[PDB]
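Data from work00.txt: compact mmCIF, C-alpha atoms and all ligand atoms
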```txt
# COMPACT_ATOMS: atom_id res chain seq x y z
CA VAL A 1 85.18 74.10 140.01
CA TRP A 2 82.48 76.28 141.56
CA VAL A 3 79.86 73.99 143.15
CA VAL A 4 81.91 73.36 146.31
CA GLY A 5 82.38 77.04 147.16
CA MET A 6 78.73 78.11 147.15
CA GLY A 7 77.84 75.28 149.52
CA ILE A 8 79.99 76.96 152.16
CA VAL A 9 78.04 80.22 151.77
CA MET A 10 74.71 78.39 151.97
CA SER A 11 75.83 76.49 155.08
CA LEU A 12 76.93 79.75 156.71
CA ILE A 13 73.53 81.29 155.91
CA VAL A 14 71.74 78.31 157.47
CA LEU A 15 73.97 78.35 160.55
CA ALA A 16 73.55 82.10 161.07
CA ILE A 17 69.76 81.95 160.77
CA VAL A 18 69.43 78.95 163.10
CA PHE A 19 71.84 80.36 165.69
CA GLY A 20 70.20 83.79 165.75
CA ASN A 21 66.66 82.47 166.05
CA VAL A 22 67.55 79.90 168.72
CA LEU A 23 69.51 82.48 170.71
CA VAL A 24 66.67 85.03 170.63
CA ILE A 25 64.03 82.46 171.61
CA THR A 26 66.15 81.13 174.48
CA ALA A 27 66.91 84.65 175.70
CA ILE A 28 63.27 85.70 175.84
CA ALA A 29 62.11 82.36 177.24
CA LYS A 30 64.55 81.68 180.08
CA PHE A 31 64.82 85.17 181.63
CA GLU A 32 61.71 86.50 183.37
CA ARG A 33 62.52 90.21 183.06
CA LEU A 34 62.36 90.09 179.24
CA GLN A 35 58.83 88.72 178.75
CA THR A 36 56.28 91.40 177.87
CA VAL A 37 53.02 91.72 175.93
CA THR A 38 54.97 93.47 173.18
CA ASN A 39 57.76 90.88 173.29
CA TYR A 40 55.54 87.96 172.24
CA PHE A 41 55.50 89.32 168.69
CA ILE A 42 59.29 89.00 168.68
CA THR A 43 58.85 85.37 169.73
CA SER A 44 56.41 84.76 166.87
CA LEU A 45 58.74 86.39 164.33
CA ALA A 46 61.70 84.38 165.64
CA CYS A 47 59.70 81.14 165.43
CA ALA A 48 58.67 81.90 161.85
CA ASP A 49 62.25 82.74 160.85
CA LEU A 50 63.54 79.57 162.52
CA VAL A 51 60.95 77.46 160.68
CA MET A 52 61.96 79.12 157.40
CA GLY A 53 65.65 78.49 158.01
CA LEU A 54 65.14 74.89 159.12
CA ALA A 55 62.77 73.86 156.31
CA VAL A 56 62.87 76.07 153.21
CA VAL A 57 66.61 76.57 152.71
CA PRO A 58 68.03 73.04 153.29
CA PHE A 59 65.50 71.53 150.88
CA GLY A 60 65.94 74.39 148.41
CA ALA A 61 69.67 73.68 148.31
CA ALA A 62 68.98 70.48 146.35
CA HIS A 63 67.77 72.38 143.28
CA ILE A 64 70.87 74.60 143.28
CA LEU A 65 73.44 71.88 143.95
CA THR A 66 72.20 68.58 142.51
CA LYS A 67 69.92 70.18 139.88
CA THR A 68 67.44 67.31 140.41
CA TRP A 69 64.49 67.20 142.82
CA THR A 70 65.10 63.56 143.71
CA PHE A 71 62.45 63.70 146.46
CA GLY A 72 58.89 62.50 146.04
CA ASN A 73 56.20 64.27 144.07
CA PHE A 74 53.98 64.94 147.09
CA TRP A 75 56.77 66.75 148.96
CA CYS A 76 57.20 69.67 146.53
CA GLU A 77 53.72 71.13 147.07
CA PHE A 78 54.17 70.89 150.84
CA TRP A 79 57.56 72.61 150.54
CA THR A 80 56.11 75.45 148.47
CA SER A 81 53.17 75.87 150.86
CA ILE A 82 55.37 75.98 153.96
CA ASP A 83 57.70 78.48 152.25
CA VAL A 84 54.91 80.90 151.34
CA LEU A 85 53.35 80.43 154.80
CA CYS A 86 56.61 81.35 156.52
CA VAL A 87 57.12 84.41 154.31
CA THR A 88 53.62 85.78 154.85
CA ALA A 89 53.72 85.07 158.59
CA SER A 90 56.99 86.98 158.95
CA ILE A 91 55.68 89.96 156.97
CA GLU A 92 52.43 90.12 158.94
CA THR A 93 54.28 89.89 162.26
CA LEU A 94 56.48 92.80 161.15
CA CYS A 95 53.37 94.83 160.31
CA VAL A 96 51.84 93.97 163.70
CA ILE A 97 54.97 95.22 165.47
CA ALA A 98 54.80 98.47 163.50
CA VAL A 99 51.13 98.97 164.42
CA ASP A 100 51.99 98.26 168.06
CA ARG A 101 54.63 100.99 168.03
CA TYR A 102 52.19 103.42 166.42
CA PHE A 103 49.59 102.77 169.12
CA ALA A 104 52.23 103.10 171.83
CA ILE A 105 53.49 106.48 170.62
CA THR A 106 50.21 108.05 169.49
CA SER A 107 48.20 107.53 172.71
CA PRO A 108 49.97 106.82 176.02
CA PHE A 109 46.95 107.02 178.34
CA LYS A 110 44.77 104.73 176.19
CA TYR A 111 47.62 102.29 175.50
CA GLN A 112 46.89 100.07 178.51
CA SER A 113 43.18 99.73 177.70
CA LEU A 114 43.78 98.81 174.05
CA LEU A 115 46.32 96.03 174.69
CA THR A 116 46.44 93.46 177.49
CA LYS A 117 47.90 89.99 178.05
CA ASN A 118 44.99 88.04 176.56
CA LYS A 119 44.82 90.25 173.45
CA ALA A 120 48.27 89.17 172.22
CA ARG A 121 47.29 85.50 172.00
CA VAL A 122 44.07 86.29 170.13
CA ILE A 123 45.77 88.62 167.65
CA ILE A 124 48.67 86.25 167.00
CA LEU A 125 46.31 83.31 166.46
CA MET A 126 44.19 85.39 164.08
CA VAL A 127 47.19 86.61 162.09
CA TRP A 128 48.65 83.10 161.83
CA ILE A 129 45.28 81.72 160.70
CA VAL A 130 44.84 84.39 158.04
CA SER A 131 48.43 83.84 156.88
CA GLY A 132 48.02 80.07 156.64
CA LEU A 133 44.61 80.22 154.97
CA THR A 134 46.14 81.59 151.76
CA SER A 135 49.06 79.11 151.77
CA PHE A 136 47.83 75.57 152.46
CA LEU A 137 44.25 75.80 151.21
CA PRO A 138 44.85 77.17 147.66
CA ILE A 139 47.92 74.98 147.03
CA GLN A 140 46.99 71.59 148.48
CA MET A 141 43.99 70.98 146.22
CA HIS A 142 45.47 72.55 143.04
CA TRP A 143 43.74 75.91 142.70
CA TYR A 144 47.02 77.55 141.66
CA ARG A 145 47.84 75.46 138.58
CA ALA A 146 47.97 76.89 135.06
CA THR A 147 46.46 75.58 131.83
CA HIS A 148 49.46 76.75 129.79
CA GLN A 149 51.28 74.06 127.81
CA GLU A 150 54.46 74.60 129.81
CA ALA A 151 54.54 73.06 133.32
CA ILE A 152 52.06 70.34 132.32
CA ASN A 153 55.14 68.15 132.03
CA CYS A 154 56.45 69.65 135.28
CA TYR A 155 53.38 68.51 137.19
CA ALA A 156 53.46 65.23 135.25
CA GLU A 157 57.22 64.59 135.48
CA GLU A 158 58.61 63.19 138.73
CA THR A 159 62.07 64.78 138.45
CA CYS A 160 60.94 68.38 137.81
CA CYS A 161 59.82 71.05 140.29
CA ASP A 162 59.41 74.78 139.66
CA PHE A 163 56.88 77.50 140.48
CA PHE A 164 54.42 78.32 137.68
CA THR A 165 50.98 79.77 138.46
CA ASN A 166 47.88 81.11 136.73
CA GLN A 167 46.96 84.80 136.53
CA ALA A 168 45.03 84.99 139.77
CA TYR A 169 47.03 83.45 142.61
CA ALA A 170 50.28 85.36 142.11
CA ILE A 171 48.57 88.76 142.10
CA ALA A 172 46.23 87.83 144.97
CA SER A 173 49.10 86.61 147.15
CA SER A 174 51.22 89.65 146.31
CA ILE A 175 48.39 92.02 147.24
CA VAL A 176 47.62 90.13 150.45
CA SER A 177 51.22 89.78 151.61
CA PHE A 178 53.16 92.85 150.43
CA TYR A 179 51.30 96.03 149.47
CA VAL A 180 48.92 96.33 152.44
CA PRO A 181 51.68 95.86 155.08
CA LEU A 182 53.85 98.43 153.28
CA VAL A 183 51.01 100.97 153.19
CA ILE A 184 50.22 100.43 156.88
CA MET A 185 53.86 100.65 157.96
CA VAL A 186 54.57 103.74 155.85
CA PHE A 187 51.56 105.60 157.27
CA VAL A 188 52.23 104.71 160.91
CA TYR A 189 55.97 105.39 160.71
CA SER A 190 55.43 108.74 158.98
CA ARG A 191 53.09 109.79 161.79
CA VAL A 192 55.53 108.53 164.45
CA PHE A 193 58.44 110.43 162.88
CA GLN A 194 56.35 113.60 162.68
CA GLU A 195 55.44 113.34 166.38
CA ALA A 196 59.07 112.72 167.36
CA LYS A 197 60.21 115.74 165.35
CA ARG A 198 57.51 117.86 167.01
CA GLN A 199 58.73 116.85 170.47
CA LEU A 200 62.37 117.48 169.53
CA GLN A 201 61.44 120.96 168.31
CA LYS A 202 59.45 121.58 171.50
CA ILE A 203 62.41 120.75 173.76
CA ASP A 204 64.53 123.59 172.33
CA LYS A 205 61.88 126.11 173.41
CA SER A 206 62.53 125.42 177.10
CA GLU A 207 66.24 124.65 176.57
CA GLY A 208 67.52 128.12 175.66
CA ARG A 209 71.23 127.41 176.18
CA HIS A 210 68.32 115.20 163.51
CA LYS A 211 70.38 112.19 164.62
CA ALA A 212 67.31 110.12 165.58
CA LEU A 213 66.38 109.38 161.95
CA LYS A 214 68.93 106.54 161.74
CA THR A 215 66.75 104.03 163.60
CA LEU A 216 63.76 104.64 161.31
CA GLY A 217 66.04 104.48 158.29
CA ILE A 218 67.56 101.16 159.33
CA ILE A 219 64.11 99.75 160.13
CA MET A 220 62.57 100.72 156.78
CA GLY A 221 65.38 100.57 154.23
CA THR A 222 66.64 97.03 154.78
CA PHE A 223 63.13 95.55 154.60
CA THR A 224 62.19 97.58 151.52
CA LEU A 225 65.44 96.68 149.76
CA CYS A 226 65.12 92.99 150.63
CA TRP A 227 61.48 92.49 149.63
CA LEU A 228 60.49 95.18 147.11
CA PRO A 229 62.07 93.80 143.87
CA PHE A 230 60.75 90.26 144.34
CA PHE A 231 57.07 91.19 144.44
CA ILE A 232 57.49 93.62 141.53
CA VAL A 233 58.98 90.89 139.34
CA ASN A 234 56.37 88.43 140.65
CA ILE A 235 53.62 90.77 139.49
CA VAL A 236 55.26 91.57 136.17
CA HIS A 237 56.13 88.12 134.83
CA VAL A 238 52.57 86.81 135.08
CA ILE A 239 50.98 89.53 132.94
CA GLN A 240 53.63 89.07 130.22
CA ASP A 241 55.58 85.83 130.14
CA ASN A 242 58.71 86.61 128.10
CA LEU A 243 60.13 89.51 130.14
CA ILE A 244 61.81 87.63 132.99
CA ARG A 245 64.05 84.56 132.89
CA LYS A 246 64.23 81.87 135.56
CA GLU A 247 67.71 82.79 136.82
CA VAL A 248 66.78 86.36 137.79
CA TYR A 249 63.62 85.08 139.49
CA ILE A 250 65.62 82.52 141.49
CA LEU A 251 68.28 85.07 142.47
CA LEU A 252 65.69 87.59 143.69
CA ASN A 253 63.80 84.89 145.58
CA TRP A 254 67.04 83.82 147.24
CA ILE A 255 68.12 87.35 148.20
CA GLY A 256 64.65 87.82 149.67
CA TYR A 257 65.21 84.93 152.08
CA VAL A 258 68.23 86.48 153.83
CA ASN A 259 66.01 89.19 155.35
CA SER A 260 64.68 86.82 158.02
CA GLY A 261 68.20 86.31 159.38
CA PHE A 262 68.80 90.03 159.95
CA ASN A 263 65.74 90.64 162.16
CA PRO A 264 67.55 89.68 165.42
CA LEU A 265 70.36 92.08 164.50
CA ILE A 266 67.90 94.99 164.24
CA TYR A 267 65.07 94.27 166.67
CA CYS A 268 66.87 93.19 169.88
CA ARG A 269 69.47 95.80 170.86
CA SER A 270 67.99 96.92 174.19
CA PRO A 271 70.26 96.85 177.27
CA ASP A 272 68.13 94.14 178.89
CA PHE A 273 68.57 91.92 175.83
CA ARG A 274 72.33 92.52 175.83
CA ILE A 275 72.57 91.75 179.55
CA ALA A 276 70.66 88.50 179.06
CA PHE A 277 72.82 87.59 176.06
CA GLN A 278 75.99 88.21 178.07
CA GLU A 279 74.65 86.17 180.99
CA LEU A 280 73.83 83.24 178.69
CA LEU A 281 77.43 82.96 177.44
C1 LIG B 1 58.74 79.58 145.09
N1 LIG B 1 58.87 80.64 146.12
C2 LIG B 1 57.63 81.39 146.42
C3 LIG B 1 56.82 81.72 145.15
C4 LIG B 1 55.66 82.75 145.33
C5 LIG B 1 55.53 83.47 146.69
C6 LIG B 1 56.60 83.46 147.60
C7 LIG B 1 56.42 84.14 148.83
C8 LIG B 1 55.25 84.81 149.15
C9 LIG B 1 54.16 84.85 148.27
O1 LIG B 1 53.01 85.47 148.54
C10 LIG B 1 54.30 84.16 147.01
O2 LIG B 1 53.30 84.16 146.14
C11 LIG B 1 57.91 82.71 147.23
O3 LIG B 1 58.60 82.35 148.39
```

For this file, produce the structure as structure tokens.
Amino acid sequence: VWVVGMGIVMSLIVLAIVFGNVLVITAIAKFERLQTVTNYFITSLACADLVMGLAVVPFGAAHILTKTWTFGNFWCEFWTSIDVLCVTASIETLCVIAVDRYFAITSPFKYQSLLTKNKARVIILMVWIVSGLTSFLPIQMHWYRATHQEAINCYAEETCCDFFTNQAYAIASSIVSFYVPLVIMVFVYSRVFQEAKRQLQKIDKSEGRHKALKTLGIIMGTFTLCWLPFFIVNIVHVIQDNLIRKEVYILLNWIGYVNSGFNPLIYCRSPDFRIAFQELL
């Protein structure tokens, strides 16, 4: 008397993700005044989130609802690889946007020389290649498998599918995809906030007669809350196997997926975006 209800929530999640990503992509694509060298990163992030919502979630619903991966054996590895690829691509695009903002604020005169139209394509291709190198290559030819007695049946059985790995790939992927972007973003945003506070203090010297922290807080806190616990538990369960059950792992992995749907609600609030959105509908 509970299976039917959760399907509604999952369908709403899918619909929200798809609608948001499609709306953002259409808005930036159709209207000329919105395209910008900085705005292409938003397009890449929206494309990655749309791919995640279209592929990962609808297929992942089978495990939750039917409790039986009735699909073929070859499909599960592809599904896992595309999921990890989408996650790492989204995280790296977020880090790239943060670095772009740091460069913009820190040096205005040198900003034009550093970044041009052709640079965006090169950097996005490089980041997508480095994101996909760690997803498809180590998974397709079975570098990630474990010699432990458990999951030998899982690879052997046709009806079973769950994520078990050896003690190299989990830690390598966690280091590549989570800790470095967090360090980079924390450093650049701390410097940006310090510069903004310095300017705000300087204004009051010439105006002889902080509410700007909210934007930084909303940018940092939602991402940290969404993604921090998952990689901590991912690191911890591998080193010692009996600490973490499967249900907690699945719940954290699922709550980590909702983050991609909230990026349009946080990263496109400019008046030009709102005007385009109003004009579309
Ligand atoms: C089964 N779900 C996967 C499992 C491991 C993993 C994920 C995402 C990014 C990574 O770097 C990972 O190593 C998860 O989405």

Hey, which residues sit close to ligand LIG 1 (chain B)? Say within 7 Å, counting only C-alpha atoms and all ligand atoms, and write them as a tab-separated table (two decimals) with C-alpha atoms, in the coordinates of the input.
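Now in selection_38.tsv:
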```tsv
chain	number	residue	atom	x	y	z
A	80	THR	CA	56.11	75.45	148.47
A	83	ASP	CA	57.70	78.48	152.25
A	84	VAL	CA	54.91	80.90	151.34
A	87	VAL	CA	57.12	84.41	154.31
A	88	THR	CA	53.62	85.78	154.85
A	163	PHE	CA	56.88	77.50	140.48
A	170	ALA	CA	50.28	85.36	142.11
A	173	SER	CA	49.10	86.61	147.15
A	174	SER	CA	51.22	89.65	146.31
A	177	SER	CA	51.22	89.78	151.61
A	253	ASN	CA	63.80	84.89	145.58
```

Query raised in the report: Within 12 Å of (54.2, 103.0, 154.4), all atoms listed in the file: residues as a PyMOL selection string?
Result: chain A and resi 95+98-99+178-192+216+219-221+223-224

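Considering all atoms listed in the file, the residue among A:17, A:9, A:23, A:258 positioned nearest to residue 280 of chain A is A:23.
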
Report task. For each of A:231, A:277, A:102, A:249, take the minimum atom-to-atom distance to residue 195 of chain A, counting all atoms listed in the file, then give the residue where this is smallest. Result ->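 Going through A:231, A:277, A:102, A:249 one by one, the smallest distance to residue 195 of chain A is for A:102.
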
Report summary line: atom CA of residue 47 of chain A to atom CA of residue 59 of chain A measures 18.4 Å

Query raised in the report: In Å, with one decimal, what is the gap from atom CA of residue 57 of chain A to atom CA of residue 15 of chain A?
Result: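 Rounded to one decimal, the two atoms are 10.9 Å apart.
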
Query raised in the report: So how many Å separate atom CA of residue 279 of chain A and atom CA of residue 27 of chain A, to one decimal?
Result: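 Taking atom CA of residue 279 of chain A and atom CA of residue 27 of chain A, their separation equals 9.5 Å.
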
Report task. Have a look at A:230, A:20, A:66, A:131 and name the one nearest to residue 250 of chain A; count all atoms listed in the file. Result ->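 Looking only at the distances to residue 250 of chain A, the closest residue turns out to be A:230.
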
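Across A:37, A:218, A:244, A:22, the tightest approach to residue 114 of chain A is made by A:37 when counting all atoms listed in the file.
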
Report task. Would you please work out which residue, of A:149, A:166, A:26, A:43, is nearest to residue 94 of chain A when using all atoms listed in the file? Result -> A:43

**Report entry** Minimum-distance residue to residue 116 of chain A, chosen among A:12, A:100, A:62, A:151 (using all atoms listed in the file)
**Finding:** A:100

Requested in this report: Can you pull out every residue within 8 Å of residue 18 of chain A, counting all atoms listed in the file, but drop anything in the same chain fewer than 3 positions away, and send it as JSON, numbers by chain?
Outcome: {"A": [14, 15, 21, 22, 50, 53, 54]}

**Report entry** Contacts of residue 45 of chain A within 12 Å, only C-alpha atoms, excl. fewer than 6 positions in-chain, as a PyMOL selection string
**Finding:** chain A and resi 20-22+24-25+38-39+51-52+86-97+124+127-128+259-264+267-268

Requested in this report: For residue 213 of chain A, please output as number ranges by chain all residues within 10 Å (counting all atoms listed in the file; exclusion window: fewer than 5 positions along the same chain).
Outcome: A: 193, 196-197, 218

Restrict the selected residues to C-alpha atoms and save them as a CSV table (one decimal), in the frame of the given file.
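Result saved to out_14.csv:
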```
chain,number,residue,atom,x,y,z
A,193,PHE,CA,58.4,110.4,162.9
A,196,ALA,CA,59.1,112.7,167.4
A,197,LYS,CA,60.2,115.7,165.4
A,218,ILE,CA,67.6,101.2,159.3
```

Using the partial input, fill out segment 111-135 of chain A with N, CA, C and O atoms; write the result as a PDB file, in the frame of the given file.
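Final file, result06.pdb:
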```
ATOM      1  N   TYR A 111      46.849 103.450 175.933  1.00  0.00           N
ATOM      2  CA  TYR A 111      47.620 102.290 175.500  1.00  0.00           C
ATOM      3  C   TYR A 111      47.301 101.056 176.333  1.00  0.00           C
ATOM      4  O   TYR A 111      47.189  99.950 175.790  1.00  0.00           O
ATOM      5  N   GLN A 112      47.158 101.218 177.650  1.00  0.00           N
ATOM      6  CA  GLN A 112      46.890 100.070 178.510  1.00  0.00           C
ATOM      7  C   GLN A 112      45.539  99.439 178.178  1.00  0.00           C
ATOM      8  O   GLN A 112      45.415  98.209 178.140  1.00  0.00           O
ATOM      9  N   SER A 113      44.514 100.263 177.955  1.00  0.00           N
ATOM     10  CA  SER A 113      43.180  99.730 177.700  1.00  0.00           C
ATOM     11  C   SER A 113      43.134  98.955 176.384  1.00  0.00           C
ATOM     12  O   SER A 113      42.460  97.923 176.288  1.00  0.00           O
ATOM     13  N   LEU A 114      43.841  99.441 175.363  1.00  0.00           N
ATOM     14  CA  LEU A 114      43.780  98.810 174.050  1.00  0.00           C
ATOM     15  C   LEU A 114      44.408  97.419 174.062  1.00  0.00           C
ATOM     16  O   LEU A 114      43.875  96.488 173.447  1.00  0.00           O
ATOM     17  N   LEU A 115      45.533  97.255 174.752  1.00  0.00           N
ATOM     18  CA  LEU A 115      46.320  96.030 174.690  1.00  0.00           C
ATOM     19  C   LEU A 115      46.516  95.457 176.085  1.00  0.00           C
ATOM     20  O   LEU A 115      46.905  96.179 177.008  1.00  0.00           O
ATOM     21  N   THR A 116      46.261  94.159 176.227  1.00  0.00           N
ATOM     22  CA  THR A 116      46.440  93.460 177.490  1.00  0.00           C
ATOM     23  C   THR A 116      47.139  92.131 177.199  1.00  0.00           C
ATOM     24  O   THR A 116      47.597  91.880 176.080  1.00  0.00           O
ATOM     25  N   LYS A 117      47.225  91.274 178.220  1.00  0.00           N
ATOM     26  CA  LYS A 117      47.900  89.990 178.050  1.00  0.00           C
ATOM     27  C   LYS A 117      47.113  89.060 177.138  1.00  0.00           C
ATOM     28  O   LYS A 117      47.692  88.411 176.260  1.00  0.00           O
ATOM     29  N   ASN A 118      45.794  88.981 177.328  1.00  0.00           N
ATOM     30  CA  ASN A 118      44.990  88.040 176.560  1.00  0.00           C
ATOM     31  C   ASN A 118      44.851  88.469 175.100  1.00  0.00           C
ATOM     32  O   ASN A 118      44.614  87.626 174.229  1.00  0.00           O
ATOM     33  N   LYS A 119      44.985  89.767 174.817  1.00  0.00           N
ATOM     34  CA  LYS A 119      44.820  90.250 173.450  1.00  0.00           C
ATOM     35  C   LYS A 119      45.928  89.745 172.532  1.00  0.00           C
ATOM     36  O   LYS A 119      45.682  89.495 171.345  1.00  0.00           O
ATOM     37  N   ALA A 120      47.148  89.601 173.056  1.00  0.00           N
ATOM     38  CA  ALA A 120      48.270  89.170 172.220  1.00  0.00           C
ATOM     39  C   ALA A 120      48.037  87.777 171.656  1.00  0.00           C
ATOM     40  O   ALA A 120      48.295  87.531 170.472  1.00  0.00           O
ATOM     41  N   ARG A 121      47.549  86.851 172.484  1.00  0.00           N
ATOM     42  CA  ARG A 121      47.290  85.500 172.000  1.00  0.00           C
ATOM     43  C   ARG A 121      46.227  85.496 170.911  1.00  0.00           C
ATOM     44  O   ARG A 121      46.383  84.827 169.881  1.00  0.00           O
ATOM     45  N   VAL A 122      45.147  86.252 171.111  1.00  0.00           N
ATOM     46  CA  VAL A 122      44.070  86.290 170.130  1.00  0.00           C
ATOM     47  C   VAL A 122      44.573  86.867 168.811  1.00  0.00           C
ATOM     48  O   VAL A 122      44.308  86.325 167.731  1.00  0.00           O
ATOM     49  N   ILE A 123      45.320  87.971 168.882  1.00  0.00           N
ATOM     50  CA  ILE A 123      45.770  88.620 167.650  1.00  0.00           C
ATOM     51  C   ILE A 123      46.791  87.758 166.926  1.00  0.00           C
ATOM     52  O   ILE A 123      46.778  87.674 165.691  1.00  0.00           O
ATOM     53  N   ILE A 124      47.675  87.080 167.663  1.00  0.00           N
ATOM     54  CA  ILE A 124      48.670  86.250 167.000  1.00  0.00           C
ATOM     55  C   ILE A 124      48.023  85.020 166.378  1.00  0.00           C
ATOM     56  O   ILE A 124      48.383  84.607 165.268  1.00  0.00           O
ATOM     57  N   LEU A 125      47.034  84.430 167.058  1.00  0.00           N
ATOM     58  CA  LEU A 125      46.310  83.310 166.460  1.00  0.00           C
ATOM     59  C   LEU A 125      45.572  83.749 165.205  1.00  0.00           C
ATOM     60  O   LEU A 125      45.603  83.050 164.186  1.00  0.00           O
ATOM     61  N   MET A 126      44.916  84.911 165.253  1.00  0.00           N
ATOM     62  CA  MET A 126      44.190  85.390 164.080  1.00  0.00           C
ATOM     63  C   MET A 126      45.127  85.660 162.916  1.00  0.00           C
ATOM     64  O   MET A 126      44.820  85.302 161.770  1.00  0.00           O
ATOM     65  N   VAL A 127      46.278  86.283 163.181  1.00  0.00           N
ATOM     66  CA  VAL A 127      47.190  86.610 162.090  1.00  0.00           C
ATOM     67  C   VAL A 127      47.805  85.339 161.508  1.00  0.00           C
ATOM     68  O   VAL A 127      47.974  85.221 160.289  1.00  0.00           O
ATOM     69  N   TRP A 128      48.120  84.353 162.356  1.00  0.00           N
ATOM     70  CA  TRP A 128      48.650  83.100 161.830  1.00  0.00           C
ATOM     71  C   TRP A 128      47.602  82.353 161.015  1.00  0.00           C
ATOM     72  O   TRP A 128      47.925  81.757 159.982  1.00  0.00           O
ATOM     73  N   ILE A 129      46.342  82.380 161.454  1.00  0.00           N
ATOM     74  CA  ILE A 129      45.280  81.720 160.700  1.00  0.00           C
ATOM     75  C   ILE A 129      45.091  82.385 159.343  1.00  0.00           C
ATOM     76  O   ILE A 129      44.975  81.709 158.313  1.00  0.00           O
ATOM     77  N   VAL A 130      45.055  83.720 159.313  1.00  0.00           N
ATOM     78  CA  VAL A 130      44.840  84.390 158.040  1.00  0.00           C
ATOM     79  C   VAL A 130      46.055  84.228 157.127  1.00  0.00           C
ATOM     80  O   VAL A 130      45.918  84.213 155.898  1.00  0.00           O
ATOM     81  N   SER A 131      47.253  84.090 157.701  1.00  0.00           N
ATOM     82  CA  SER A 131      48.430  83.840 156.880  1.00  0.00           C
ATOM     83  C   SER A 131      48.420  82.434 156.300  1.00  0.00           C
ATOM     84  O   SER A 131      48.761  82.236 155.128  1.00  0.00           O
ATOM     85  N   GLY A 132      48.032  81.442 157.105  1.00  0.00           N
ATOM     86  CA  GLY A 132      48.020  80.070 156.640  1.00  0.00           C
ATOM     87  C   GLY A 132      46.826  79.698 155.786  1.00  0.00           C
ATOM     88  O   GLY A 132      46.855  78.659 155.119  1.00  0.00           O
ATOM     89  N   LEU A 133      45.774  80.519 155.795  1.00  0.00           N
ATOM     90  CA  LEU A 133      44.610  80.220 154.970  1.00  0.00           C
ATOM     91  C   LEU A 133      44.929  80.386 153.490  1.00  0.00           C
ATOM     92  O   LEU A 133      44.405  79.645 152.650  1.00  0.00           O
ATOM     93  N   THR A 134      45.784  81.348 153.149  1.00  0.00           N
ATOM     94  CA  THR A 134      46.140  81.590 151.760  1.00  0.00           C
ATOM     95  C   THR A 134      47.286  80.711 151.273  1.00  0.00           C
ATOM     96  O   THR A 134      47.571  80.708 150.071  1.00  0.00           O
ATOM     97  N   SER A 135      47.948  79.973 152.163  1.00  0.00           N
ATOM     98  CA  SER A 135      49.060  79.110 151.770  1.00  0.00           C
ATOM     99  C   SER A 135      48.622  77.670 151.539  1.00  0.00           C
ATOM    100  O   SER A 135      48.712  77.166 150.417  1.00  0.00           O
TER     101      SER A 135
END
```
